[PDB]
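This is model-v6.cif. It holds mmCIF, C-alpha atoms.
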data_entry
#
loop_
_atom_site.label_atom_id
_atom_site.label_comp_id
_atom_site.auth_asym_id
_atom_site.auth_seq_id
_atom_site.Cartn_x
_atom_site.Cartn_y
_atom_site.Cartn_z
CA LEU A 1 1.53 -21.28 -70.87
CA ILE A 2 4.06 -23.68 -69.37
CA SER A 3 1.66 -24.69 -66.60
CA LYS A 4 -1.63 -23.58 -65.05
CA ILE A 5 -1.52 -21.76 -61.71
CA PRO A 6 -4.38 -19.39 -60.68
CA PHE A 7 -2.38 -18.15 -57.67
CA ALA A 8 0.57 -16.85 -59.68
CA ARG A 9 -1.97 -15.30 -62.04
CA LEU A 10 -3.48 -13.33 -59.17
CA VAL A 11 -0.19 -11.56 -58.51
CA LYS A 12 1.37 -11.89 -61.96
CA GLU A 13 -1.77 -10.95 -63.82
CA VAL A 14 -2.69 -8.09 -61.49
CA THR A 15 0.87 -6.81 -61.72
CA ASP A 16 0.70 -7.24 -65.50
CA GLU A 17 -2.48 -5.14 -65.70
CA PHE A 18 -0.08 -2.22 -65.28
CA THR A 19 2.48 -1.06 -67.86
CA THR A 20 1.98 -2.99 -71.08
CA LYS A 21 5.72 -3.62 -70.98
CA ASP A 22 4.86 -6.41 -68.53
CA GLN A 23 2.42 -8.04 -70.96
CA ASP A 24 4.59 -11.17 -70.96
CA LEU A 25 7.01 -11.00 -68.02
CA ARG A 26 7.56 -14.07 -65.82
CA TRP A 27 9.55 -12.84 -62.83
CA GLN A 28 11.01 -15.29 -60.33
CA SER A 29 8.85 -17.08 -57.78
CA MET A 30 9.78 -14.16 -55.51
CA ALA A 31 6.66 -12.26 -56.57
CA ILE A 32 4.72 -15.49 -56.14
CA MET A 33 5.98 -15.83 -52.58
CA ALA A 34 4.66 -12.33 -52.04
CA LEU A 35 1.21 -13.60 -52.96
CA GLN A 36 1.58 -16.39 -50.43
CA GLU A 37 2.70 -13.77 -47.95
CA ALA A 38 -0.74 -12.23 -47.91
CA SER A 39 -2.29 -15.69 -47.88
CA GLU A 40 0.10 -17.06 -45.26
CA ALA A 41 -0.94 -14.45 -42.69
CA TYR A 42 -4.64 -14.70 -43.47
CA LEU A 43 -4.29 -18.47 -43.48
CA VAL A 44 -3.01 -18.47 -39.90
CA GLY A 45 -5.65 -15.98 -38.79
CA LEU A 46 -8.39 -17.89 -40.57
CA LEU A 47 -7.04 -21.17 -39.22
CA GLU A 48 -6.66 -19.64 -35.77
CA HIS A 49 -10.40 -18.90 -35.66
CA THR A 50 -11.91 -21.49 -38.01
CA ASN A 51 -9.93 -24.40 -36.67
CA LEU A 52 -10.17 -27.93 -38.04
CA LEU A 53 -13.34 -28.02 -35.97
CA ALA A 54 -14.97 -25.42 -38.22
CA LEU A 55 -14.13 -27.59 -41.20
CA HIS A 56 -15.68 -30.79 -39.83
CA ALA A 57 -18.02 -28.75 -37.62
CA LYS A 58 -21.12 -30.11 -39.35
CA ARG A 59 -19.95 -33.59 -38.40
CA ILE A 60 -18.99 -32.41 -34.91
CA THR A 61 -21.77 -30.98 -32.72
CA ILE A 62 -19.12 -28.38 -31.86
CA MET A 63 -20.78 -26.40 -34.66
CA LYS A 64 -21.59 -24.03 -31.77
CA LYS A 65 -18.35 -23.08 -30.02
CA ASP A 66 -15.03 -22.13 -31.64
CA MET A 67 -17.45 -21.12 -34.37
CA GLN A 68 -19.14 -18.33 -32.45
CA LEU A 69 -15.60 -17.28 -31.60
CA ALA A 70 -14.80 -16.72 -35.27
CA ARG A 71 -18.03 -14.72 -35.44
CA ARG A 72 -16.94 -12.40 -32.63
CA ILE A 73 -13.84 -11.60 -34.71
CA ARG A 74 -13.87 -9.57 -37.93
CA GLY A 75 -17.59 -10.33 -37.75
CA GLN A 76 -18.13 -6.59 -38.01
CA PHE A 77 -17.85 -5.25 -41.58
CA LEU A 78 -16.37 -1.82 -40.82
CA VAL A 79 -13.85 0.12 -42.91
CA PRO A 80 -10.71 1.81 -41.44
CA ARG A 81 -11.54 5.13 -39.78
CA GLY A 82 -9.27 5.32 -36.74
CA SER A 83 -11.94 3.60 -34.65
CA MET A 84 -9.18 1.98 -32.59
CA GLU A 85 -5.58 2.59 -33.65
CA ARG A 86 -4.45 0.58 -30.63
CA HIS A 87 -6.05 -2.48 -32.23
CA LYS A 88 -5.00 -1.80 -35.83
CA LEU A 89 -1.69 -2.92 -34.36
CA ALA A 90 -2.61 -6.59 -34.06
CA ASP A 91 -3.73 -6.47 -37.69
CA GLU A 92 -0.38 -4.94 -38.55
CA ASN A 93 1.37 -7.76 -36.70
CA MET A 94 -0.26 -10.16 -39.15
CA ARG A 95 0.97 -8.08 -42.08
CA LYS A 96 4.43 -7.89 -40.54
CA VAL A 97 4.30 -11.64 -39.99
CA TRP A 98 4.21 -12.20 -43.73
CA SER A 99 6.92 -9.54 -44.01
CA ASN A 100 9.21 -11.63 -41.81
CA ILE A 101 9.03 -14.78 -43.89
CA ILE A 102 9.58 -12.61 -46.97
CA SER A 103 12.69 -11.35 -45.25
CA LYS A 104 14.01 -14.90 -45.20
CA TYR A 105 13.13 -15.59 -48.84
CA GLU A 106 14.65 -12.21 -49.63
CA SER A 107 17.60 -14.36 -50.75
CA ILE A 108 15.72 -16.59 -53.20
CA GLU A 109 18.05 -18.02 -55.84
CA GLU A 110 16.35 -17.51 -59.23
CA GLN A 111 15.64 -21.21 -59.78
CA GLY A 112 13.20 -20.43 -62.62
CA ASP A 113 12.88 -17.69 -65.23
CA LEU A 114 15.57 -14.99 -65.21
CA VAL A 115 14.73 -11.29 -65.43
CA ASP A 116 16.36 -8.10 -64.13
CA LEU A 117 15.46 -8.94 -60.53
CA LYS A 118 18.72 -8.36 -58.65
CA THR A 119 21.36 -8.88 -61.34
CA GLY A 120 19.93 -6.13 -63.54
CA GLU A 121 21.38 -7.76 -66.67
CA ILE A 122 18.31 -9.64 -67.96
CA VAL A 123 14.98 -8.47 -69.39
CA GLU A 124 12.05 -10.66 -70.46
CA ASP A 125 9.62 -8.09 -71.84
CA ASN A 126 8.25 -7.10 -75.26
CA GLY A 127 8.69 -3.33 -74.88
CA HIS A 128 6.50 -0.26 -74.42
CA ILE A 129 6.57 3.10 -72.60
CA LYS A 130 8.93 3.77 -69.68
CA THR A 131 6.78 5.33 -66.94
CA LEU A 132 5.32 4.72 -63.48
CA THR A 133 2.02 3.07 -64.38
CA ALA A 134 0.97 2.53 -60.77
CA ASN A 135 -2.41 1.53 -62.16
CA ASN A 136 -3.30 0.70 -58.55
CA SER A 137 -3.79 -3.00 -57.86
CA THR A 138 -7.21 -2.05 -56.50
CA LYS A 139 -8.02 -2.80 -60.12
CA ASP A 140 -7.73 -6.47 -59.17
CA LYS A 141 -11.09 -7.59 -60.58
CA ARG A 142 -10.17 -9.38 -63.82
CA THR A 143 -9.85 -12.95 -62.48
CA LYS A 144 -9.83 -12.55 -58.70
CA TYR A 145 -12.79 -14.93 -58.46
CA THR A 146 -10.17 -17.68 -58.51
CA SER A 147 -8.86 -16.45 -55.17
CA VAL A 148 -12.13 -17.10 -53.33
CA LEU A 149 -12.64 -20.30 -55.30
CA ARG A 150 -9.48 -21.96 -53.95
CA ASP A 151 -9.05 -19.87 -50.80
CA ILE A 152 -12.24 -21.22 -49.21
CA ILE A 153 -12.37 -24.76 -50.60
CA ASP A 154 -8.79 -25.08 -49.34
CA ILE A 155 -9.82 -24.30 -45.75
CA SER A 156 -13.41 -25.55 -46.12
CA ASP A 157 -14.19 -22.78 -43.64
CA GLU A 158 -17.76 -22.92 -42.35
CA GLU A 159 -17.28 -19.63 -40.51
CA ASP A 160 -19.76 -18.71 -37.77
CA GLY A 161 -21.18 -22.16 -38.48
CA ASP A 162 -24.44 -21.58 -36.63
CA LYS A 163 -25.73 -19.19 -39.29
CA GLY A 164 -29.01 -19.17 -37.38
CA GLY A 165 -30.62 -18.26 -40.71
CA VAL A 166 -28.51 -15.32 -41.91
CA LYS A 167 -26.98 -17.31 -44.79
CA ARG A 168 -25.22 -14.12 -45.86
CA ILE A 169 -22.72 -15.25 -43.24
CA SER A 170 -20.17 -15.90 -45.97
CA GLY A 171 -19.01 -13.23 -48.41
CA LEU A 172 -18.54 -10.62 -45.68
CA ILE A 173 -15.20 -11.73 -44.24
CA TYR A 174 -13.82 -12.93 -47.57
CA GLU A 175 -14.75 -9.55 -49.06
CA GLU A 176 -12.77 -7.62 -46.44
CA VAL A 177 -9.89 -10.08 -46.82
CA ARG A 178 -9.69 -9.23 -50.52
CA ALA A 179 -9.81 -5.56 -49.56
CA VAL A 180 -6.51 -5.88 -47.69
CA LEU A 181 -5.06 -7.89 -50.57
CA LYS A 182 -5.76 -4.96 -52.89
CA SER A 183 -4.22 -2.37 -50.58
CA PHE A 184 -1.32 -4.72 -49.90
CA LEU A 185 -0.46 -5.02 -53.59
CA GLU A 186 -1.30 -1.40 -54.31
CA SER A 187 1.28 -0.23 -51.79
CA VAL A 188 3.75 -2.96 -52.74
CA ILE A 189 3.53 -2.72 -56.52
CA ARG A 190 3.43 1.08 -56.60
CA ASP A 191 6.55 0.89 -54.49
CA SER A 192 7.92 -1.94 -56.62
CA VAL A 193 7.88 0.04 -59.85
CA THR A 194 9.16 3.06 -57.92
CA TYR A 195 12.00 1.35 -56.01
CA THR A 196 12.67 -1.42 -58.53
CA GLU A 197 13.03 1.22 -61.23
CA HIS A 198 15.38 3.35 -59.13
CA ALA A 199 17.31 0.09 -58.94
CA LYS A 200 17.85 0.23 -62.70
CA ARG A 201 15.53 -2.79 -62.72
CA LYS A 202 12.03 -3.13 -64.17
CA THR A 203 10.78 -6.27 -62.41
CA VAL A 204 9.96 -7.36 -58.83
CA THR A 205 12.70 -6.75 -56.28
CA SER A 206 12.15 -8.53 -52.97
CA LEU A 207 13.32 -5.23 -51.53
CA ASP A 208 9.97 -3.74 -52.53
CA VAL A 209 7.89 -6.30 -50.66
CA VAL A 210 10.18 -5.96 -47.63
CA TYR A 211 10.76 -2.20 -47.80
CA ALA A 212 7.16 -1.44 -48.77
CA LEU A 213 5.71 -3.47 -45.91
CA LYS A 214 8.26 -1.85 -43.60
CA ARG A 215 7.11 1.73 -44.23
CA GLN A 216 3.46 0.66 -44.07
CA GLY A 217 3.81 -0.85 -40.60
CA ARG A 218 5.91 2.13 -39.53
CA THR A 219 3.15 4.62 -40.33
CA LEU A 220 0.56 2.37 -38.69
CA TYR A 221 2.61 2.13 -35.50
CA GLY A 222 2.08 5.89 -35.35
CA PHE A 223 5.82 6.26 -34.68
CA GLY A 224 9.03 6.91 -36.62
CA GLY A 225 11.72 5.66 -34.23
#
Please go through the file and, once you have read it, give me the structure as structure tokens.
Amino acid sequence: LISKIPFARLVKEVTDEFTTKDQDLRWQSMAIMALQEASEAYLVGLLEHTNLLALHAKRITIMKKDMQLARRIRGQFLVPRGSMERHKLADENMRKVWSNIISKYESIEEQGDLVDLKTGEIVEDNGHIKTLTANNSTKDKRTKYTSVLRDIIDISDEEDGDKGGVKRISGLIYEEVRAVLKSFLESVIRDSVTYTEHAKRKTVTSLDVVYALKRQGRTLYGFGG
């Protein structure tokens, strides 16, 4: 209403798809930073492989080099199945990476709207039923098309570049990327309503993003030390 912002909508809207009570709740940019957390990690990974060369690849004959490198990574469209737990680590490092920056912002000073985030004395909601919706963010399909729209154009990623003729080159990696975004939110939000509620708060506590990501990486590490 105040201003357009597809990004915030991705997290805000998806989170709003849950309990109707959040039909008009504008939490602090903390939840927004969470969105960027998922993007920040993927951005580095994507940038690490794509490289400015992939962007201007067409212009640069290098269209066949760092490009094939990006193809040798995540090029395989396989779903988690314990194929290599030792490797799932590196992927977890990326998730933890975004968890670190969130640890720093974990002290954000509500510079915008004000809801029961940490103070627990403000509520910007219409009202509904008090329960753990946990509608699973995997339901993120309302307006997620905006994510790919700006996610790619922003990086102008050419990907494998030398498609060779596949064409279907694109859509595979971006699809899996969205997959992790769903599970990321799913675990985070479900934990948000659970932990945020136990915190006599019905909003988005940075503790959820930090604590949620913490337990996720812990289980993935296959340890509990």
From (3.7, 2.8, -65.0), in the file's coordinates, out to 10 Å: which residues are reached, counting all atoms listed in the file? Answer as a VMD selection string.
chain A and resid 18 to 22 129 to 136 190 193 to 194
Distance atom CA of residue 102 of chain A-atom CA of residue 157 of chain A, one decimal place?
26.1 Å
Which distance in Å separates atom CA of residue 32 of chain A and atom CA of residue 87 of chain A, to one decimal?
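Pair atom CA of residue 32 of chain A / atom CA of residue 87 of chain A returns 29.3 Å.
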Residue IDs satisfying the PyMOL selection byres ((chain A and resi 75-79) around 12), as a PyMOL selection string
chain A and resi 49+67-74+80-84+88+159-160+168-177+179-180
How would the residues just chosen look if you wrote them out with C-alpha atoms as a PDB file, in the coordinates of the input?
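Output file result.pdb follows:
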ATOM      1  CA  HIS A  49     -10.400 -18.900 -35.660  1.00  0.00           C
ATOM      2  CA  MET A  67     -17.450 -21.120 -34.370  1.00  0.00           C
ATOM      3  CA  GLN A  68     -19.140 -18.330 -32.450  1.00  0.00           C
ATOM      4  CA  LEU A  69     -15.600 -17.280 -31.600  1.00  0.00           C
ATOM      5  CA  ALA A  70     -14.800 -16.720 -35.270  1.00  0.00           C
ATOM      6  CA  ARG A  71     -18.030 -14.720 -35.440  1.00  0.00           C
ATOM      7  CA  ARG A  72     -16.940 -12.400 -32.630  1.00  0.00           C
ATOM      8  CA  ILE A  73     -13.840 -11.600 -34.710  1.00  0.00           C
ATOM      9  CA  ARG A  74     -13.870  -9.570 -37.930  1.00  0.00           C
ATOM     10  CA  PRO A  80     -10.710   1.810 -41.440  1.00  0.00           C
ATOM     11  CA  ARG A  81     -11.540   5.130 -39.780  1.00  0.00           C
ATOM     12  CA  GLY A  82      -9.270   5.320 -36.740  1.00  0.00           C
ATOM     13  CA  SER A  83     -11.940   3.600 -34.650  1.00  0.00           C
ATOM     14  CA  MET A  84      -9.180   1.980 -32.590  1.00  0.00           C
ATOM     15  CA  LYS A  88      -5.000  -1.800 -35.830  1.00  0.00           C
ATOM     16  CA  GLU A 159     -17.280 -19.630 -40.510  1.00  0.00           C
ATOM     17  CA  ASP A 160     -19.760 -18.710 -37.770  1.00  0.00           C
ATOM     18  CA  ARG A 168     -25.220 -14.120 -45.860  1.00  0.00           C
ATOM     19  CA  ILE A 169     -22.720 -15.250 -43.240  1.00  0.00           C
ATOM     20  CA  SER A 170     -20.170 -15.900 -45.970  1.00  0.00           C
ATOM     21  CA  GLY A 171     -19.010 -13.230 -48.410  1.00  0.00           C
ATOM     22  CA  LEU A 172     -18.540 -10.620 -45.680  1.00  0.00           C
ATOM     23  CA  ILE A 173     -15.200 -11.730 -44.240  1.00  0.00           C
ATOM     24  CA  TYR A 174     -13.820 -12.930 -47.570  1.00  0.00           C
ATOM     25  CA  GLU A 175     -14.750  -9.550 -49.060  1.00  0.00           C
ATOM     26  CA  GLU A 176     -12.770  -7.620 -46.440  1.00  0.00           C
ATOM     27  CA  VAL A 177      -9.890 -10.080 -46.820  1.00  0.00           C
ATOM     28  CA  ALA A 179      -9.810  -5.560 -49.560  1.00  0.00           C
ATOM     29  CA  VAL A 180      -6.510  -5.880 -47.690  1.00  0.00           C
TER      30      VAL A 180
END
From the list A:33, A:213, A:155, A:207, which residue is nearest residue 97 of chain A when using all atoms listed in the file?
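Of A:33, A:213, A:155, A:207, the one nearest residue 97 of chain A is A:213, counting all atoms listed in the file.
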What are the centre and the three edge lengths of an axis-aligned box that wraps all atoms of segment 108-127 of chain A in the file, given that 4 Å is added to every side, written as JSON and rounded to one decimal in Å?
{"center_x": 14.8, "center_y": -12.3, "center_z": -64.2, "size_x": 21.1, "size_y": 25.9, "size_z": 30.1}
Leaving out segment 143-154 of chain A and any residue of its chain fewer than 5 positions from it, which residues lie within 12 Å of it when counting only C-alpha atoms, given as a PyMOL selection string?
chain A and resi 5-14+17+35-36+38-40+42-43+46-47+50+52+55+137-138+159+170-179+181-182
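Here the question is which of A:89, A:34, A:185, A:114 gets nearest to residue 222 of chain A using all atoms listed in the file, and that residue is A:89.
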Applied to this file, what does the PyMOL selection byres ((chain A and resi 125) around 8) return in terms of residues, put as a ChimeraX atom specification?
/A:21-25,123-124,126-127
Contacts of residue 202 of chain A at 8 Å or less, counting only C-alpha atoms, minus same-chain residues fewer than 6 places along, as a ChimeraX atom specification?
/A:116-117,193,196
